[PDB]
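Novice: Below is one structure. I have some questions about it.
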Amino acid sequence: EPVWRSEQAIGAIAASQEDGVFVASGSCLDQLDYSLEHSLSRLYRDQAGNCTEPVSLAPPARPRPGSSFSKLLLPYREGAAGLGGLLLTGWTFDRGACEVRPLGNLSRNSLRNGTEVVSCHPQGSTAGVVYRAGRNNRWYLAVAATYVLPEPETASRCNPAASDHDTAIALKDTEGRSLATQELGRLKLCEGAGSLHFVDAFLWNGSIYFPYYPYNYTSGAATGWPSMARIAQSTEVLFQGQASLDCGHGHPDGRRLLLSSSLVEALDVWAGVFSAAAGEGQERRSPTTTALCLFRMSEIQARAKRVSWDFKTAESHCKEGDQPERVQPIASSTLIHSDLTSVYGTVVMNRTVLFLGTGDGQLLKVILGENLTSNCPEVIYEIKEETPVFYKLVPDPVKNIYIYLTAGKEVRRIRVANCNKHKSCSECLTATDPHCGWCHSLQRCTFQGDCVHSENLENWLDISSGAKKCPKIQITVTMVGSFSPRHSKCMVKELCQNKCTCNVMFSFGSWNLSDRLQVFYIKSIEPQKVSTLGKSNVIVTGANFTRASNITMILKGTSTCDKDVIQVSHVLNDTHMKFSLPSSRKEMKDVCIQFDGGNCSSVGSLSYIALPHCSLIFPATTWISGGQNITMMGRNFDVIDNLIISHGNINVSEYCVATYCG
Amino acid sequence: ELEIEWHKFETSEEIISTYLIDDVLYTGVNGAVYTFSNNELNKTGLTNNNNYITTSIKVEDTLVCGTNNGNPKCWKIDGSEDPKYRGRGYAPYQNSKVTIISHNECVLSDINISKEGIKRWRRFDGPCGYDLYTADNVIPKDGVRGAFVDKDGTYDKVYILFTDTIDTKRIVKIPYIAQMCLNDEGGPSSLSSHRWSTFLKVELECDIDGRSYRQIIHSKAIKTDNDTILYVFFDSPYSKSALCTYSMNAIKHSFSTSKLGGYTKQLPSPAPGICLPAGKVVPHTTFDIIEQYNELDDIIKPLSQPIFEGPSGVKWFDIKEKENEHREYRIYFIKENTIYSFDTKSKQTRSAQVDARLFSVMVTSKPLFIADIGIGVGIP
Ligand SMILES: *[C@@H]1O[C@H](CO)[C@@H](O)[C@H](O)[C@H]1NC(C)=O
Ligand SMILES: *[C@@H]1O[C@H](CO)[C@@H](O)[C@H](O)[C@H]1NC(C)=O
Ligand SMILES: *[C@@H]1O[C@H](CO)[C@@H](O)[C@H](O)[C@H]1NC(C)=O
Ligand SMILES: *[C@@H]1O[C@H](CO)[C@@H](O)[C@H](O)[C@H]1NC(C)=O
Ligand SMILES: *[C@@H]1O[C@H](CO)[C@@H](O)[C@H](O)[C@H]1NC(C)=O
Ligand SMILES: *[C@@H]1O[C@H](CO)[C@@H](O)[C@H](O)[C@H]1NC(C)=O
Ligand SMILES: *[C@@H]1O[C@H](CO)[C@@H](O)[C@H](O)[C@H]1NC(C)=O
Ligand SMILES: *[C@@H]1O[C@H](CO)[C@@H](O)[C@H](O)[C@H]1NC(C)=O
Ligand SMILES: *[C@@H]1O[C@H](CO)[C@@H](O)[C@H](O)[C@H]1NC(C)=O
């Protein structure tokens, strides 16, 4: 579990093919070894040595877009014949400057500089992608950014000249001097929808896609549909279309923010994390605000019509024509969730794996089924501090069993599969985790690379074989499944045979096996913050709570995981009843209550909560007489049942709220 | 008085452009291109779908570009295909009036580059550098009316005359001349990297009796000993037109010394309009200023003479210095049907009727008049 802690919150991160992991934290950009141990090199962009943020950036509401100083950071040309890879880094400083540089020792000279490449507004969006274009296949860089923000102070003037005022997408050239944009190599803007916030940029099928959404940086609320702008992969902007993405299913007003994106490459499926406006941090945080939606790139590629809705076209006026078609996600896969923050999709052994990062420091992965149906996500790793996961996950390029989880100001390298809990075959093969397979020589559920040391490949049994294909005893007794060796010895109790041989035992050269209608009113429900371990006693207040035999409570947290259905513990006064909730995963579950028969009565949200970890004890020492209100600061204290003072135990009161208590 | 002999085409072919390339007349018409030299009218067909030939510039060979049916495309002189496949900013998407000049090998033009048609003034790729374009709304939708290249002592500069249409409380037309550095490198930034960084402009002024003329028709800069003299022809919505003359030396001095209109502070060290040594790039402060306030707080007043007023609706005008005297010209300006000559010395205007739909007057050694009938050549 190797961690690399920066000093200022991470602004960007990329992972080169063979030159380490670049992390742009504050004013400085570091490069590290893939083990995240030693900063091999470091660049200072603002001032030498001192790489504190020149100004202060407010980390806003988790749905609201963040802010940083390192807009662009992407490596390219790597893995070339002899040419060392390049790294293109663009910062807010110097009017949104961008320098090409050699991918490697950071303290080498920037090859080509360039100004006004990326948005020079710390909270402005920017997303870039390089590609091959031109008659000689130069390396171009398509950058979509929020260049003009209506927050210019007379001190410094970021916003570019009045000609480039409404510029959204520009096709820079990485060879020309200062990364020159052609005249036609830029995509204009319609000035009505407020600003646009671009989330991503990726290539697919000879085109560049920019997932964005309209946005009011002053207000903080989306002002339209999350959309995707599709551009021809050429040297001059050829606007090929724009399509809105309709992932507001399961929520009243819809989900109109796009929090993160990822293109599942070998599957031709885009995967986006949408969210609705969650008030101020967490006030309208519902059990269904965020949703992972999967779209077929073919449908977006086909449904995107060149309409002048957000971008100026040469054939219409702003919003004086058609409205962009709304593309519907792959319905069998959408995963609703109270707090989702980032997504990263990949394909391993012909199975889609979508890692997701939640707004409470969880990295949990889902494995899509046969018709891209989502399974209930397994929680891989949990951040002890519940910091919201940074919206980009990067897979380790040199060891495909790792992924670089970024959170706040800390990066770490975590494996993509927690397969040490599986102890048998079935546990290792019914879970259908593509990364994990059973290993006979070790007799353990492990990755492939960790057990293909014996050259007979069938030693490491994977899922494509099927869960039934592990060795078992068959009755005239024999071994079934896929064993590693063809020579074994059977012994029953008490006939023995040898080899493919014939209490029961089959021993091999490296392992072994052995086996011998009235109204119903709900005032409220308390508490509303149950710890993860469940709560034995949840009091529902209301009326007429005795005019019913079979009263049930149904909690639903994740649109893929099943529902918690429970019966009332002991029906108290016709105004009060009591339930007992079991253990679960950190979540914010919706609670309906359905009486003897009828529709669910949605009493309200109810959030499981991480266990209370104890940060600090304010006085930390008091007189043996005591009586001083020791204050304890921590996280998730509101769910505390009570306290113990062990030395003999002493019961003592508590006066607490969420974060601290005395 | 004027006797013109007529080398006419086989049919009345709608004229679309006329150019002088090394004393050879290149008349771009619909379909073919005509080539006049030594009283020889060699017609060369290229295509005939729409193909309004409009450009006949000279870079290395005198390539000729037209608009084949909403697709602009060039050719070598004799119908051959262009090796470099030029043709985007070289011919308009539809029949229009263009302004395209060619210095040594460096084509500058206002021709529309795309279908929609935002008007800009561009230098295309070649020995000067990569393409360049003026910021938007700088060039009026009417286009650039005249363009010519002149030394600034050491650096070539490009001058263009247009007529802006300002509209604040009432619509006022304003004639402008604008200077740019032929070898400009573009602005400093990445967005403003293909934009002219040395573009400046002043108002001209052609007032005679309190009647100020403001609509440029056509310009021509004659090169003389001490300097070059710029002849502009203004039209008016009233019933008059006026030829004025300006001293390019006065204009250059005004560009170098005058102050930017609306900008009150101190101009930076590489003064805005000033050309820079090869490879140098305008700083960012100079460029921000030169893009915000690109007009000098000045107005070029014409020379003393020849200012004169002729009819309204003149279409072309070309100069021919008299062989006997010197600095005394005959200005042949042409209307839709009627030729007019004007002698700068005698200040008398002669006229003459011609039954044709005239298009232009060119002057190589004898005024040849390009009308839809064909070409004519004049002797008085
Ligand atoms: C680093 O630079 C920032 C610039 O805003 C300044 O506020 C800070 O005090 C500097 N810190 C050091 C240690 O120089
Ligand atoms: C990077 O280059 C500098 C320049 O001399 C050198 O001092 C440093 O050791 C180099 N570091 C690496 C990791 O190459
Ligand atoms: C910016 O560009 C100039 C021009 O070459 C160069 O001198 C300077 O080093 C560049 N700045 C950076 C930080 O690379
Ligand atoms: C929304 O955006 C518009 C245009 O950017 C701005 O004028 C308005 O103030 C914004 N909303 C609020 C509540 O300020
Ligand atoms: C790739 O683009 C072409 C261009 O029209 C399109 O016909 C084709 O369907 C696209 N590929 C897929 C898989 O949709
Ligand atoms: C019912 O009993 C519970 C305790 O079992 C008590 O808290 C509640 O106030 C009582 N309500 C009524 C209406 O008697
Ligand atoms: C010292 O006393 C202060 C008084 O509030 C307290 O905040 C702090 O936690 C104590 N311990 C220290 C400073 O180590
Ligand atoms: C101790 O402090 C907490 C808050 O700091 C307060 O709520 C509590 O009542 C205090 N206890 C005493 C005995 O003052
Ligand atoms: C005109 O065409 C004739 C026909 O061959 C040719 O001999 C003559 O040289 C041409 N003249 C010019 C100026 O093209």
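Chain labels A, B, ... are given in the sequence in which chains occur in the structure tokens; within each chain residues are numbered consecutively from 1, and ligands are likewise numbered from 1 in the order shown.
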Within 6 Å of ligand 1, counting only C-alpha atoms and all ligand atoms, which protein or nucleic acid residues do you find, written as a PyMOL selection string?
Specialist: chain A and resi 50+52+54-55
Novice: Return as a PDB file with N, CA, C and O atoms, in the first residue's frame the residues belonging to chain A that are within 10 Å of chain B, counting only C-alpha atoms.
Specialist:
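Wrote it out as result31.pdb, contents follow:
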ATOM      1  N   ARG A  95      -1.126  33.431 -18.571  1.00  0.00           N
ATOM      2  CA  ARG A  95      -2.241  33.502 -19.509  1.00  0.00           C
ATOM      3  C   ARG A  95      -2.591  32.126 -20.060  1.00  0.00           C
ATOM      4  O   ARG A  95      -2.896  31.973 -21.239  1.00  0.00           O
ATOM      5  N   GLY A  96      -2.537  31.116 -19.208  1.00  0.00           N
ATOM      6  CA  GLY A  96      -2.810  29.775 -19.667  1.00  0.00           C
ATOM      7  C   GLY A  96      -1.742  29.296 -20.617  1.00  0.00           C
ATOM      8  O   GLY A  96      -2.013  29.036 -21.788  1.00  0.00           O
ATOM      9  N   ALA A  97      -0.519  29.187 -20.126  1.00  0.00           N
ATOM     10  CA  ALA A  97       0.598  28.780 -20.952  1.00  0.00           C
ATOM     11  C   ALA A  97       0.666  27.271 -21.036  1.00  0.00           C
ATOM     12  O   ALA A  97       0.160  26.561 -20.171  1.00  0.00           O
ATOM     13  N   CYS A  98       1.308  26.785 -22.087  1.00  0.00           N
ATOM     14  CA  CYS A  98       1.479  25.358 -22.295  1.00  0.00           C
ATOM     15  C   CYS A  98       2.828  25.111 -22.933  1.00  0.00           C
ATOM     16  O   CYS A  98       3.166  25.748 -23.931  1.00  0.00           O
ATOM     17  N   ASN A 113       7.222  26.556 -26.236  1.00  0.00           N
ATOM     18  CA  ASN A 113       6.326  27.211 -25.302  1.00  0.00           C
ATOM     19  C   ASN A 113       5.018  27.504 -26.030  1.00  0.00           C
ATOM     20  O   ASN A 113       4.782  27.018 -27.134  1.00  0.00           O
ATOM     21  N   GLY A 114       4.146  28.296 -25.425  1.00  0.00           N
ATOM     22  CA  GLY A 114       2.885  28.643 -26.046  1.00  0.00           C
ATOM     23  C   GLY A 114       1.951  29.263 -25.035  1.00  0.00           C
ATOM     24  O   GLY A 114       1.916  28.828 -23.886  1.00  0.00           O
ATOM     25  N   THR A 115       1.191  30.270 -25.428  1.00  0.00           N
ATOM     26  CA  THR A 115       0.375  31.017 -24.490  1.00  0.00           C
ATOM     27  C   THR A 115      -1.077  30.999 -24.928  1.00  0.00           C
ATOM     28  O   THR A 115      -1.381  30.890 -26.115  1.00  0.00           O
ATOM     29  N   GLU A 116      -1.972  31.113 -23.952  1.00  0.00           N
ATOM     30  CA  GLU A 116      -3.407  31.033 -24.182  1.00  0.00           C
ATOM     31  C   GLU A 116      -3.805  29.684 -24.747  1.00  0.00           C
ATOM     32  O   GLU A 116      -4.757  29.583 -25.512  1.00  0.00           O
ATOM     33  N   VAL A 117      -3.079  28.633 -24.394  1.00  0.00           N
ATOM     34  CA  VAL A 117      -3.465  27.312 -24.860  1.00  0.00           C
ATOM     35  C   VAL A 117      -4.610  26.768 -24.027  1.00  0.00           C
ATOM     36  O   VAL A 117      -5.634  26.336 -24.559  1.00  0.00           O
ATOM     37  N   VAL A 118      -4.460  26.786 -22.712  1.00  0.00           N
ATOM     38  CA  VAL A 118      -5.463  26.261 -21.811  1.00  0.00           C
ATOM     39  C   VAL A 118      -6.140  27.422 -21.108  1.00  0.00           C
ATOM     40  O   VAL A 118      -5.642  28.541 -21.090  1.00  0.00           O
ATOM     41  N   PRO A 160      -9.064  36.183 -23.249  1.00  0.00           N
ATOM     42  CA  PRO A 160      -8.392  36.552 -24.496  1.00  0.00           C
ATOM     43  C   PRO A 160      -9.093  37.663 -25.256  1.00  0.00           C
ATOM     44  O   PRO A 160     -10.178  38.113 -24.880  1.00  0.00           O
ATOM     45  N   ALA A 161      -8.461  38.100 -26.339  1.00  0.00           N
ATOM     46  CA  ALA A 161      -8.913  39.256 -27.091  1.00  0.00           C
ATOM     47  C   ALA A 161     -10.346  39.079 -27.571  1.00  0.00           C
ATOM     48  O   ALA A 161     -10.893  37.978 -27.599  1.00  0.00           O
ATOM     49  N   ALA A 162     -10.951  40.197 -27.964  1.00  0.00           N
ATOM     50  CA  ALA A 162     -12.342  40.190 -28.381  1.00  0.00           C
ATOM     51  C   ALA A 162     -12.591  39.322 -29.600  1.00  0.00           C
ATOM     52  O   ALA A 162     -13.745  38.971 -29.857  1.00  0.00           O
ATOM     53  N   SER A 163     -11.561  38.967 -30.358  1.00  0.00           N
ATOM     54  CA  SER A 163     -11.797  38.063 -31.473  1.00  0.00           C
ATOM     55  C   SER A 163     -11.964  36.634 -30.996  1.00  0.00           C
ATOM     56  O   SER A 163     -12.864  35.926 -31.455  1.00  0.00           O
ATOM     57  N   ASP A 164     -11.119  36.197 -30.069  1.00  0.00           N
ATOM     58  CA  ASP A 164     -11.174  34.850 -29.526  1.00  0.00           C
ATOM     59  C   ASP A 164     -12.068  34.759 -28.314  1.00  0.00           C
ATOM     60  O   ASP A 164     -11.846  33.912 -27.445  1.00  0.00           O
ATOM     61  N   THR A 167     -14.501  31.197 -27.983  1.00  0.00           N
ATOM     62  CA  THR A 167     -13.772  30.034 -28.459  1.00  0.00           C
ATOM     63  C   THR A 167     -13.931  28.929 -27.437  1.00  0.00           C
ATOM     64  O   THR A 167     -13.715  29.154 -26.246  1.00  0.00           O
ATOM     65  N   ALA A 170     -10.161  24.281 -29.739  1.00  0.00           N
ATOM     66  CA  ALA A 170      -9.114  24.740 -30.629  1.00  0.00           C
ATOM     67  C   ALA A 170      -8.196  23.578 -30.953  1.00  0.00           C
ATOM     68  O   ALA A 170      -7.889  22.767 -30.084  1.00  0.00           O
ATOM     69  N   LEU A 171      -7.755  23.499 -32.199  1.00  0.00           N
ATOM     70  CA  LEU A 171      -6.873  22.425 -32.636  1.00  0.00           C
ATOM     71  C   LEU A 171      -5.466  22.987 -32.746  1.00  0.00           C
ATOM     72  O   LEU A 171      -5.024  23.396 -33.812  1.00  0.00           O
ATOM     73  N   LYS A 172      -4.761  23.000 -31.627  1.00  0.00           N
ATOM     74  CA  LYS A 172      -3.379  23.422 -31.601  1.00  0.00           C
ATOM     75  C   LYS A 172      -2.507  22.445 -32.371  1.00  0.00           C
ATOM     76  O   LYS A 172      -2.825  21.268 -32.513  1.00  0.00           O
ATOM     77  N   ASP A 173      -1.385  22.943 -32.857  1.00  0.00           N
ATOM     78  CA  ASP A 173      -0.361  22.116 -33.469  1.00  0.00           C
ATOM     79  C   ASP A 173       0.833  22.081 -32.541  1.00  0.00           C
ATOM     80  O   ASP A 173       1.320  23.130 -32.122  1.00  0.00           O
ATOM     81  N   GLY A 176       4.195  23.782 -34.675  1.00  0.00           N
ATOM     82  CA  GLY A 176       4.288  25.197 -34.967  1.00  0.00           C
ATOM     83  C   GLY A 176       4.700  26.003 -33.755  1.00  0.00           C
ATOM     84  O   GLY A 176       4.609  25.559 -32.613  1.00  0.00           O
ATOM     85  N   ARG A 177       5.174  27.213 -34.013  1.00  0.00           N
ATOM     86  CA  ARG A 177       5.726  28.007 -32.932  1.00  0.00           C
ATOM     87  C   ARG A 177       4.615  28.458 -32.000  1.00  0.00           C
ATOM     88  O   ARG A 177       3.587  28.972 -32.441  1.00  0.00           O
ATOM     89  N   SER A 178       4.806  28.210 -30.711  1.00  0.00           N
ATOM     90  CA  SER A 178       3.857  28.601 -29.680  1.00  0.00           C
ATOM     91  C   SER A 178       2.516  27.902 -29.839  1.00  0.00           C
ATOM     92  O   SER A 178       1.496  28.412 -29.384  1.00  0.00           O
ATOM     93  N   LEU A 179       2.502  26.730 -30.472  1.00  0.00           N
ATOM     94  CA  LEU A 179       1.296  25.915 -30.607  1.00  0.00           C
ATOM     95  C   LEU A 179       0.180  26.705 -31.293  1.00  0.00           C
ATOM     96  O   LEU A 179      -0.844  27.038 -30.709  1.00  0.00           O
ATOM     97  N   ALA A 180       0.424  27.009 -32.555  1.00  0.00           N
ATOM     98  CA  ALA A 180      -0.440  27.923 -33.281  1.00  0.00           C
ATOM     99  C   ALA A 180      -1.754  27.261 -33.649  1.00  0.00           C
ATOM    100  O   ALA A 180      -1.778  26.116 -34.100  1.00  0.00           O
ATOM    101  N   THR A 181      -2.843  27.997 -33.483  1.00  0.00           N
ATOM    102  CA  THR A 181      -4.161  27.564 -33.915  1.00  0.00           C
ATOM    103  C   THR A 181      -4.471  28.187 -35.260  1.00  0.00           C
ATOM    104  O   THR A 181      -4.345  29.401 -35.423  1.00  0.00           O
ATOM    105  N   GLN A 182      -4.904  27.371 -36.210  1.00  0.00           N
ATOM    106  CA  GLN A 182      -5.272  27.905 -37.504  1.00  0.00           C
ATOM    107  C   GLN A 182      -6.459  28.847 -37.366  1.00  0.00           C
ATOM    108  O   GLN A 182      -7.026  29.025 -36.293  1.00  0.00           O
ATOM    109  N   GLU A 183      -6.834  29.471 -38.477  1.00  0.00           N
ATOM    110  CA  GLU A 183      -8.019  30.312 -38.445  1.00  0.00           C
ATOM    111  C   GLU A 183      -9.260  29.468 -38.260  1.00  0.00           C
ATOM    112  O   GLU A 183     -10.098  29.755 -37.403  1.00  0.00           O
ATOM    113  N   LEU A 184      -9.392  28.420 -39.053  1.00  0.00           N
ATOM    114  CA  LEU A 184     -10.534  27.534 -38.973  1.00  0.00           C
ATOM    115  C   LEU A 184     -10.347  26.425 -37.961  1.00  0.00           C
ATOM    116  O   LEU A 184     -11.233  25.585 -37.815  1.00  0.00           O
ATOM    117  N   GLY A 185      -9.227  26.394 -37.267  1.00  0.00           N
ATOM    118  CA  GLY A 185      -9.010  25.342 -36.311  1.00  0.00           C
ATOM    119  C   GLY A 185      -9.593  25.670 -34.963  1.00  0.00           C
ATOM    120  O   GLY A 185      -9.008  25.326 -33.940  1.00  0.00           O
ATOM    121  N   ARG A 186     -10.737  26.332 -34.929  1.00  0.00           N
ATOM    122  CA  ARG A 186     -11.342  26.634 -33.647  1.00  0.00           C
ATOM    123  C   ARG A 186     -12.850  26.605 -33.781  1.00  0.00           C
ATOM    124  O   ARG A 186     -13.403  26.941 -34.827  1.00  0.00           O
ATOM    125  N   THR A 313     -22.637  27.301 -35.742  1.00  0.00           N
ATOM    126  CA  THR A 313     -22.410  26.665 -37.025  1.00  0.00           C
ATOM    127  C   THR A 313     -22.624  27.679 -38.135  1.00  0.00           C
ATOM    128  O   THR A 313     -23.242  28.728 -37.945  1.00  0.00           O
ATOM    129  N   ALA A 314     -22.103  27.349 -39.302  1.00  0.00           N
ATOM    130  CA  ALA A 314     -22.185  28.231 -40.450  1.00  0.00           C
ATOM    131  C   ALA A 314     -23.533  28.178 -41.146  1.00  0.00           C
ATOM    132  O   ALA A 314     -23.658  28.711 -42.249  1.00  0.00           O
ATOM    133  N   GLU A 315     -24.544  27.554 -40.545  1.00  0.00           N
ATOM    134  CA  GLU A 315     -25.806  27.374 -41.246  1.00  0.00           C
ATOM    135  C   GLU A 315     -27.029  27.636 -40.382  1.00  0.00           C
ATOM    136  O   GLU A 315     -28.139  27.295 -40.799  1.00  0.00           O
TER     137      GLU A 315
END
Novice: Please list as a PyMOL selection string every residue within 10 Å of segment 368-374 of chain A, counting only C-alpha atoms and excluding residues in the same chain fewer than 3 positions away.
Specialist: chain A and resi 294+330-335+347+351-354+365+377+432+559-561
Novice: Report as a short mmCIF file (atom, residue, chain, number, x, y, z; two decimals) with N, CA, C and O atoms, in the first residue's frame all protein, DNA and RNA residues lying within 9 Å of residue 308 of chain A, evaluated on only C-alpha atoms, omitting residues in the same chain fewer than 6 positions from it.
Specialist:
data_model
loop_
_atom_site.label_atom_id
_atom_site.label_comp_id
_atom_site.auth_asym_id
_atom_site.auth_seq_id
_atom_site.Cartn_x
_atom_site.Cartn_y
_atom_site.Cartn_z
N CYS A 190 -21.96 29.69 -28.54
CA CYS A 190 -23.17 30.48 -28.40
C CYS A 190 -23.22 31.06 -27.00
O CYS A 190 -23.07 30.33 -26.01
N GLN A 242 -23.56 17.19 -32.27
CA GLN A 242 -23.70 17.35 -30.84
C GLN A 242 -24.93 16.58 -30.40
O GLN A 242 -25.97 16.66 -31.05
N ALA A 314 -22.10 27.35 -39.30
CA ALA A 314 -22.19 28.23 -40.45
C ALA A 314 -23.53 28.18 -41.15
O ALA A 314 -23.66 28.71 -42.25
N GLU A 315 -24.54 27.55 -40.55
CA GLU A 315 -25.81 27.37 -41.25
C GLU A 315 -27.03 27.64 -40.38
O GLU A 315 -28.14 27.30 -40.80
N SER A 316 -26.88 28.21 -39.20
CA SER A 316 -28.03 28.46 -38.35
C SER A 316 -27.65 29.54 -37.36
O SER A 316 -26.56 30.11 -37.42
N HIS A 317 -28.57 29.83 -36.45
CA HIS A 317 -28.30 30.74 -35.35
C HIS A 317 -28.48 30.02 -34.03
O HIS A 317 -29.00 28.91 -33.96
N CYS A 318 -28.05 30.68 -32.96
CA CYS A 318 -28.01 30.05 -31.66
C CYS A 318 -29.41 29.69 -31.19
O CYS A 318 -30.23 30.57 -30.92
N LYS A 319 -29.69 28.39 -31.12
CA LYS A 319 -30.95 27.88 -30.60
C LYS A 319 -32.14 28.36 -31.43
O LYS A 319 -33.23 28.60 -30.91
N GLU A 320 -31.92 28.48 -32.73
CA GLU A 320 -32.96 28.85 -33.67
C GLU A 320 -33.20 27.73 -34.66
O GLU A 320 -33.28 27.93 -35.87
N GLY A 321 -33.28 26.51 -34.14
CA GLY A 321 -33.52 25.36 -34.99
C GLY A 321 -33.88 24.14 -34.18
O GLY A 321 -34.59 24.23 -33.17
N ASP A 322 -33.38 22.99 -34.60
CA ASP A 322 -33.68 21.75 -33.92
C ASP A 322 -33.09 21.74 -32.52
O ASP A 322 -32.20 22.52 -32.18
N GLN A 323 -33.62 20.86 -31.70
CA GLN A 323 -32.91 20.63 -30.46
C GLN A 323 -32.12 19.33 -30.57
O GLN A 323 -32.54 18.42 -31.28
N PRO A 324 -30.97 19.23 -29.91
CA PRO A 324 -30.16 18.02 -30.06
C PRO A 324 -30.89 16.79 -29.56
O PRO A 324 -31.55 16.82 -28.52
#
Novice: Can you tell me how far atom CA of residue 433 of chain A sits from atom CA of residue 263 of chain A, in Å to one decimal?
Specialist: 20.5 Å
Novice: Name all residues at most 6 Å from segment 448-462 of chain A (count only C-alpha atoms; drop same-chain ones fewer than 5 positions away) and give them as JSON, numbers by chain.
Specialist: {"A": [437, 438, 439, 440, 484]}
Novice: Pick out each residue of segment 105-219 of chain B that DSSP on the backbone tags as strand (DSSP E); I need them as an MDAnalysis selection string.
Specialist: chainID B and resid 107:109 122:123 132:133 144:151 156:167 171:181 200:203 206:207 212:213 215:219
